[PDB]
Amino acid sequence: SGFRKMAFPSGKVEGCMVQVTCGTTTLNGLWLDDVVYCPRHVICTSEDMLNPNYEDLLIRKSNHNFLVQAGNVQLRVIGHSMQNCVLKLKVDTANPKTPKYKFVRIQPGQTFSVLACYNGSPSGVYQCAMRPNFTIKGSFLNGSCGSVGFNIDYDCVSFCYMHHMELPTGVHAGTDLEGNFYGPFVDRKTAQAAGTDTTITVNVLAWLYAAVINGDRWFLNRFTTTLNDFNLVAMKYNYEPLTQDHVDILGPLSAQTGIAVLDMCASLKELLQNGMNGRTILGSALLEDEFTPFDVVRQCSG
Amino acid sequence: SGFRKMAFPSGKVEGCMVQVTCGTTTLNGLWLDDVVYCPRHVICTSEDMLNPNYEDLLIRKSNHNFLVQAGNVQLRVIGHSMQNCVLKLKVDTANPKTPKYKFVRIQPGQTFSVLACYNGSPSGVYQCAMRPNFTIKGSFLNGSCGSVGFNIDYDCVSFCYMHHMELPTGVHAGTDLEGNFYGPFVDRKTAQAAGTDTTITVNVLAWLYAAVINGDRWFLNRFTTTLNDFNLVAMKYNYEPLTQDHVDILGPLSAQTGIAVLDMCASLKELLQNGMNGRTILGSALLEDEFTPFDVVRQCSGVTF
Ligand SMILES: *C(=N)[C@H](C[C@@H]1CCNC1=O)NC(=O)[C@@H]1[C@@H]2[C@H](CN1C(=O)[C@@H](NC(=O)C(F)(F)F)C(C)(C)C)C2(C)C
Ligand SMILES: *C(=N)[C@H](C[C@@H]1CCNC1=O)NC(=O)[C@@H]1[C@@H]2[C@H](CN1C(=O)[C@@H](NC(=O)C(F)(F)F)C(C)(C)C)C2(C)C
C-alpha cells in the first residue's frame, strides 16, 4: 500500500550530465555518445539576453571557446552546430555511460522526472507534469539551466525536457531535445508570462481511482453525468475539458475498480461542489493532478 | 525558484541492488563489497512467519539455500550470517560499483530517499521522513522488501533504512542496516499497529520559512509567543514539542528571513487554531512536515552538489 509522487531512478541520467562553460556563463550539458546537448543561450552575455541573434553570436565561436568538463576530465570540443534553441557540441570521446535513449516530445498532462543539476553535478530528482499552459512547476535556482526531464521504459531513457528559463510567476519553461520550446516562449529576456493554468482533469480522475484501489471510498456517490454536463461544470473550476480520448485512457482503471468513468466524473463534480469537509484523499487535502493513468497502474499494479 | 519534495540522485544506490531468493521467497538485497544485506525474514515460509525461530531456521540452512542474482549474473554465496533482523550473505565477488558508504541510524523527523525495488530492479525513488511513531508513509507492494533508504553527503551514501513490512494502517516499518527496528515492531506476521502519529513541529516551521523565501507571506502576523505557551497549543493538536534545540537549528532561516522563530510559532499557532482560512502554502492545504531545515537550505539556497 501507500501512494507517493515517485520519480524514476536517476542513475542512467546522472551518467550523462556534464558542465558546459562559455565566457562567464556556466550551465549543464547532456553527454550522449559524442554529442553534448545544452541550451544555446550559454553563448549569450548579460547584454545579448534581450534581443540575441543566435546565428550571429555562434558564428563568432570556435570549438575551443567551449570548456566541457565531465567530473574532472575536460572533453575536447571538435565541432559545434545549433538545432533550434539547443547547442550541440561534438566531442572527441563517446560517453561510455551512454544509456539506450530516445528523444520524445510530450503533451500537456504527461509526467516525467527532472534531475536538477548545478555545474554538471546532479543535486536532486523530483517528478513533474507538463501543465496545460506548457510550463512546469519545478524547483530550479541560478545555474540549473540544461537540467533535463526524462522517463525510463525498461532500459530505454526517454528525454522529453531540457530546462532554459524561469518566468515571472516562478514557473519554468524549456525545450524538447531537438530544442523546440514547449509552448509560446523564446529564449530571450522579454515580457512573456505563463497563460492561465488549469487542472489536468484526466489526471485527477486517475488519482481518484488510485484512492479507491488503495481502499478509500469516502468521496464517490450514486450519481452519473453526461460527458458534456461534466465538462460544463468542471470548466467553471478551471479544469481542463475531458475528451472522449481521456475517458478511453481511463478504461483499464474503470474496469479494474468497476466504477464507470462518468460515475467517477460525478464524484469529481461533487468533490468540487463540496471540498473535503476535513477529510483527505491519499494524504492530500487538494485534488492531485500530476499522476497520469499510466503512473497509477505502474505504482498500484507493478 | 519553486519548492518540490526532492529525492537524492539514486545512481550510486541503484548499482548496489540485487535479487535474493530463498526457497519460494524472493526480495531485494543491498550488495556492498563482498556481502549482500537483506531482510532475514527471506528464510521464512508462510508458516514460519507466525512464530519464527530465526536462530533455529538459520542454522538449518546451508549457503545452497540462497540464490543471489545481480541482473542476469548469479552471485555465489560462500558464507551467511545474521545481525539482528538482517541476513548478511557473503558472496564470492566484491561489487565493482560499491560506493563510499556508511550505515547511519536516524531519529524521527530526519528525512531520507527511498529507492523502491522489485526483483533487484530499481522502480522508483521518493522522499520520506522517519515519522515520530517510527513508521514511514511509503509506497511498497509485494517484493519491495530489501528496498533501502539513504541520504548522500558529497560522494558518501549514508544508508539508514531497509524495508521489512506493511502495517495494517498501510504505513511501513523497517530497520537500520544493522537490522535494529525503527519503532516497537517485530518481523513476525503477528498483529501490530502504529501508535498514534504526531506532526514534526520543527519541519512545519522550516517549511513555513521555505514558504516566506518563495514570497508566500500571507500567514505572517505581528504577534510573537513563548516556547512554554506555544508547546501547550502543540500538545492539544498532536504536535511534537518544540525544544530549545529545535529553535537553535532555525537560526539560519530566522536570520535569512528576519522572522524570529517564536514569531513563526505565532503564525503556526494561529494556523492550527484558525485553519488556513481558504489559502494554501506552496500549493498545500495541509501543513507539510516532511522537509527538514537542511532539506529546505539544500534547495532554496544551495550546498547542492
Ligand atoms: C539558467 N541558469 C537560468 C535559470 C533560472 C534562474 C533562476 N531560476 C531559473 O530557473 N536561466 C536564465 O537565466 C534565463 C535566461 C535569460 C533570462 N533567464 C531567466 O530565467 C529570467 N527569465 C526571464 O527573463 C523571462 F521570464 F522572460 F523568461 C529570470 C526571471 C530573470 C530568472 C534567458 C535566456 C531566458
Ligand atoms: C516484503 N516483500 C513485504 C512487503 C509488504 C507486502 C505488502 N506491502 C508491503 O510493504 N513484507 C512482508 O512480506 C512482511 C513480512 C511478513 C509479513 N509482511 C507483511 O507485510 C504483513 N505485515 C505484518 O505482518 C504486520 F502488519 F503485522 F506488520 C502483511 C500482513 C502482508 C501486511 C513479515 C516478516 C512481517
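Numbers in chain B track Swiss-Prot; the residues on display, in order, are 3264-3568.
Method on record in the header is X-ray crystallography, 2.4 Å.
For all residues, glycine too, the Cβ spot is worked out from N, Cα and C.
For the residues B:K3353, B:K3499, B:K3532, Swiss-Prot attaches the annotation ubiquitin cross-link to B:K3353, which does not rule out the feature elsewhere.
Applying an under-8 Å Cβ distance to chain A, the recorded positions B:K3268, B:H3304, B:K3353, B:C3408 reduce to B:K3268. The DSSP secondary structure for B:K3353 (ubiquitin cross-link) is strand. Close contacts with ligand 2, defined as a Cβ under 6 Å from any of its atoms, occur at B:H3304, B:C3408 among the recorded positions B:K3268, B:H3304, B:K3353, B:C3408. If you take the C-beta of B:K3268 (ubiquitin cross-link) and look for same-chain residues 6 or more apart in sequence within under 8 angstroms, you find B:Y3389, B:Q3390, B:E3553, B:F3554. Considering only the recorded positions B:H3304, B:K3353, the Cβ with the fewest other Cβ atoms within 10 Å is that of B:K3353. Here the Cα atom of B:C3408 (active site, nucleophile) is found 19 Å from that of B:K3353 (ubiquitin cross-link). According to its DSSP assignment, B:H3304 (active site, for 3CL-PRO activity) is helical. For B:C3408 (active site, nucleophile), other Cβ atoms within 10 Å of its Cβ number 25. Across the structure, B:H3304 (active site, for 3CL-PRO activity) and B:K3353 (ubiquitin cross-link) are spaced 17 Å apart at their Cα atoms.
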